[PDB]
Protein chains: 2
Amino acid sequence: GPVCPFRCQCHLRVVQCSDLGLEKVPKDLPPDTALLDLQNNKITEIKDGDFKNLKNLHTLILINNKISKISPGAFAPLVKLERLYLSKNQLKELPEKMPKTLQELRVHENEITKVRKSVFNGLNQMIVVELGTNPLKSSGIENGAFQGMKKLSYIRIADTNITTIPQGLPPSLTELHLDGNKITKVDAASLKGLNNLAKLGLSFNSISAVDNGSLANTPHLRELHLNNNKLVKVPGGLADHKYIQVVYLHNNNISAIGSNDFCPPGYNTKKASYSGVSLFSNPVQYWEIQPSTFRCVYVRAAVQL
Amino acid sequence: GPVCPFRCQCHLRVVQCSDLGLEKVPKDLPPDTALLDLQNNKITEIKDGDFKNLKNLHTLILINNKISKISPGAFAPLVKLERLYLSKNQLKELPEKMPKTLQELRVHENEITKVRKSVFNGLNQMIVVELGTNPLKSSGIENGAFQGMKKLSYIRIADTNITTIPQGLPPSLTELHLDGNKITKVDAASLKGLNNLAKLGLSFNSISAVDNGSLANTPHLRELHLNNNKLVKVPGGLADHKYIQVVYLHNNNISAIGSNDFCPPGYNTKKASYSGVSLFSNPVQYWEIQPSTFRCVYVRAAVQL
Ligand SMILES: *[C@@H]1O[C@H](CO)[C@@H](O)[C@H](O)[C@H]1NC(C)=O
Ligand SMILES: *[C@@H]1O[C@H](CO)[C@@H](O)[C@H](O)[C@H]1NC(C)=O
Ligand SMILES: *[C@@H]1O[C@H](CO)[C@@H](O)[C@H](O)[C@H]1NC(C)=O
Ligand SMILES: *[C@@H]1O[C@H](CO)[C@@H](O)[C@H](O)[C@H]1NC(C)=O
Ligand SMILES: *[C@@H]1O[C@H](CO)[C@@H](O)[C@H](O)[C@H]1NC(C)=O
Ligand SMILES: *[C@@H]1O[C@H](CO)[C@@H](O)[C@H](O)[C@H]1NC(C)=O
């Protein structure tokens, strides 16, 4: 006989237990539960028995609890789990042995200091990972830690203590968001192999330089946000890059702008047209840029000086 | 041309924009969006244009923002909205003119001080309402404020400042949860007409007495939680009530227990059997209760002394 905990609402394969101050995961829940919402409670840990007989559960929300420890494989019995939301908790590290069906993991606002490559081995259905707002440091991220996710399309590590782009990122990535960290430079090695990367967010960091060859490793990149950093000049490779269309560089320390910083010498029919370029809040003024600098842009609205 | 905001993920009619520090609701979202997640951002208000062309949106999550004002009818254009989650914000009152399709509203942990009967007029699809953790006072709740919801099945006002059960509750109610408030007494008037009420949670309040005739107004009540209150004796009407099965009275100030406090004189075949009764953490001891007191209970496990 399955029971709905007192105060929780159990309707249509949805078990709603938010805002109840629960101190641990309820048991004896309906075997067919598809979505379990345990948000805003006082759960301190996930024990090995906590999720038994929840074989149809595709979504688990544990956002805003006080979780400081999760037994290895505690989520394993959730053979159909696609979304796991552990944001706003007190995790010290990511949970080991998670369902191989997992498509999205969010562990925003925790106390992560180490990202073991082992937690991600085999998770081949994973497409989105959000690990922002953690005291994590670049040293805490094992190299190739995310390599195991052959389908990963999006990853975001924001407002943490990392200082360099993680090495060994899965080549399936289309979006890499590292806004609001403490990155100081962009090395070509970290972006090596990201042939599918379309968006690269590096805004609000402390970047002072972008090695030549960097953007060339992301040949199909369409959006580059580097605003609010410490750049002394526009990153190189924009003129010979063929797919870049959006380049945000406002709020930096760019001294001057070369004639071929964005457009190549002769018109290149193969280079995609720029749809947006931002340069305001920089030392350079509109009067220090030769009108020829944006000769490959055919919309005045695009360039914002 | 619909756009997915930078850093948000837009996949399968789901727009995911949690944890991005956004300062306002994004516009130009895909017209077919069914679920919009704006949790954990910095949105301060909902303007009248914020939700245009989101006609298929059945779920809106704005949990954990800094919302302090919502224009009247701002949610009106969401003609198919079934769930609205506004918990963890800074609302001073509930929003006027909400979609008539609304099935669930959660405004837990806000700064609600007044519940106008007008916000709920016409919301005939509403089945669940959670208004816990607000500085709300009994005076701030207009009488019959919830009357307008002819399908309301569950309502919860917990950890607030109310001191009396709200008057004029919809008779469709099956669950009334008022745990953790400052209620001092249970008057029969407030429970008048609740012929469908199955569960009544009044735990963790300051109740010192239950008027006779109270439980008789909830003739089909199956669960009564009155633990952690200031009761001087078991509430009356339990013996002649026919459906009550669970009566939690632990952590009170009950002096003694009468012979017919739970069971009527002669065995009543029409009275449902008790499946759970709690009396521990009270002045009375197991040796002050005549064994005849629970003569209509046929499971020793039921009574917890
Ligand atoms: C970075 O780590 C230090 C300790 O090493 C900590 O004090 C600081 O809060 C962290 N920064 C962030 C924003 O996580
Ligand atoms: C980057 O390449 C450009 C070639 O256009 C060159 O002028 C510049 O000095 C290079 N950066 C350095 C210092 O390696
Ligand atoms: C900008 O660069 C100049 C040298 O090129 C340096 O002196 C100055 O401190 C920089 N401004 C910033 C970002 O503080
Ligand atoms: C009750 O209201 C008072 C002000 O009238 C406030 O100080 C107090 O925090 C409120 N109690 C709760 C738990 O909301
Ligand atoms: C409640 O009803 C009982 C009848 O069993 C009676 O003994 C009691 O005095 C009544 N409470 C009061 C004081 O109204
Ligand atoms: C319990 O009731 C007695 C009188 O019946 C009273 O003196 C005492 O203060 C009460 N205990 C509590 C709940 O403080």
# chains A, B, ... in the order shown; residues from 1 in each chain; ligands from 1

$ select_by_dssp --residues "stretch 56-301 of chain A" --states "helix (DSSP H, G or I)" --output "list in words"
residues 117, 118, 119, 120, 138, 139, 140, 215, 216, 217, 286, 287, 288, 291, 292, 293 and 294 of chain A

$ interface_residues --of "chain B" --to "chain A" --cutoff "8 Å" --atoms "only C-alpha atoms" --output "list in words"
residues 7, 19, 108, 132 and 177 of chain B

$ residues_near_ligand --ligand "ligand 6" --cutoff "12 Å" --atoms "only C-alpha atoms and all ligand atoms" --output "NGL selection string"
:B and (206-209 or 228-233 or 251-256 or 281-284)

$ residues_around --residues "stretch 291-301 of chain A" --least-positions-apart "2" --cutoff "7 Å" --atoms "only C-alpha atoms" --output "MDAnalysis selection string"
chainID A and resid 259:260 262:263 267 273:274 289 303

$ residues_around --residues "residue B:97" --least-positions-apart "6" --cutoff "8 Å" --atoms "only C-alpha atoms" --output "list in words"
residues 72, 73, 74, 75, 76 and 119 of chain B

$ write_last_selection --atoms "N, CA and C atoms" --output "PDB file, in the first residue's frame"
ATOM      1  N   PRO B  72      -1.187  44.009 -12.398  1.00  0.00           N
ATOM      2  CA  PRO B  72      -2.420  43.225 -12.490  1.00  0.00           C
ATOM      3  C   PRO B  72      -2.557  42.606 -13.879  1.00  0.00           C
ATOM      4  N   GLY B  73      -3.021  41.362 -13.927  1.00  0.00           N
ATOM      5  CA  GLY B  73      -3.194  40.677 -15.197  1.00  0.00           C
ATOM      6  C   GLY B  73      -1.923  40.356 -15.971  1.00  0.00           C
ATOM      7  N   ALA B  74      -0.754  40.556 -15.366  1.00  0.00           N
ATOM      8  CA  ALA B  74       0.503  40.272 -16.059  1.00  0.00           C
ATOM      9  C   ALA B  74       0.581  38.822 -16.524  1.00  0.00           C
ATOM     10  N   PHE B  75      -0.105  37.932 -15.813  1.00  0.00           N
ATOM     11  CA  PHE B  75      -0.114  36.509 -16.153  1.00  0.00           C
ATOM     12  C   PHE B  75      -1.318  36.126 -17.010  1.00  0.00           C
ATOM     13  N   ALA B  76      -2.243  37.063 -17.179  1.00  0.00           N
ATOM     14  CA  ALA B  76      -3.456  36.820 -17.947  1.00  0.00           C
ATOM     15  C   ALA B  76      -3.228  36.235 -19.328  1.00  0.00           C
ATOM     16  N   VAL B 119      -8.561  38.104  -5.636  1.00  0.00           N
ATOM     17  CA  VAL B 119      -7.550  37.402  -6.419  1.00  0.00           C
ATOM     18  C   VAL B 119      -8.029  36.008  -6.819  1.00  0.00           C
TER      19      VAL B 119
END

$ select_by_dssp --residues "stretch 89-300 of chain A" --states "strand (DSSP E)" --output "PyMOL selection string"
chain A and resi 104-106+128-130+154-156+175-177+185-186+199-201+209-210+223-225+246-248+276-278

$ residues_around --residues "stretch 214-218 of chain B" --least-positions-apart "3" --cutoff "12 Å" --atoms "only C-alpha atoms" --output "VMD selection string"
chain B and resid 165 171 to 176 185 to 200 209 to 211 221 to 224 234 to 244 247

$ residues_around --residues "residue B:90" --least-positions-apart "6" --cutoff "7 Å" --atoms "only C-alpha atoms" --output "mmCIF file with C-alpha atoms, in the first residue's frame"
data_model
loop_
_atom_site.group_PDB
_atom_site.id
_atom_site.type_symbol
_atom_site.label_atom_id
_atom_site.label_comp_id
_atom_site.auth_asym_id
_atom_site.auth_seq_id
_atom_site.Cartn_x
_atom_site.Cartn_y
_atom_site.Cartn_z
ATOM 1 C CA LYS B 66 13.463 39.240 -5.689
ATOM 2 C CA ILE B 67 9.979 39.935 -7.032
ATOM 3 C CA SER B 68 8.291 42.720 -5.048
ATOM 4 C CA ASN B 110 7.189 35.705 0.679
ATOM 5 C CA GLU B 111 5.996 38.746 2.642
#
